[PDB]
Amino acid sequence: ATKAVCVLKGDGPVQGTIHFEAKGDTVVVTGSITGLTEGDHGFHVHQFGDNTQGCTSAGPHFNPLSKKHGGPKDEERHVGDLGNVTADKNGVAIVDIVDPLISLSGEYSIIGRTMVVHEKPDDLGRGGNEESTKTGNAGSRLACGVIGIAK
């Protein structure tokens, strides 16, 4: 697939639509999320496209290379580590990410996995506690969706 899409939903007001496109040798991620508190929010690809228990069943961050959590610019990071999206005072975060580890086909494919946006900022694996090395202390999952093949 060369295009994918994800519709985020949760128990609260946060929602959004995320688009993915394979361009060149990389993946361009665009879209928007609304209903967020002003500021930074962790944003990652989780391993399972399973919404049977809400966002909890998506599992941990997608991590096929078995590394510790980091920011998108770090060598030591999970494949799903897309950092933070930033919401303005109106609650809107415009997503604009280009990422070198995710893909839409093959081993690194995120098709069928889940995008999650979190309650708190991702500390990029630099918080200094064990949780930082797993999730960046991004906290609860406000909304998520399964990543599907788009036309």
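Rigid core (definition): largest C-alpha set, two forms, superposition within 1.5 Å. Residue positions are given as counts along the sequence shown, with the first one as 1.
For the pair 22 to 30 and 78 to 86, greater average C-alpha departure from the shown form in 6 other deposited structures of this protein after core alignment is found in 22 to 30. Higher mean CA temperature factor between 11 to 19 and 135 to 143: 11 to 19, per the PDB entry. If you average the C-alpha B-factors over 82 to 90 and over 66 to 74, the higher value belongs to 82 to 90.
Residue set 121, 125, 54, 112: peak C-alpha B-factor at 54 (per PDB entry). Among 58, 104, 97, 117, the highest C-alpha B-factor recorded in the PDB entry belongs to 97. When the modelled residues of the chain are ordered by their C-alpha B factor, residue 5 lands in the middle third.
Residue 45: CA B factor in the lowest third of modelled residues in this chain (values from the PDB entry).
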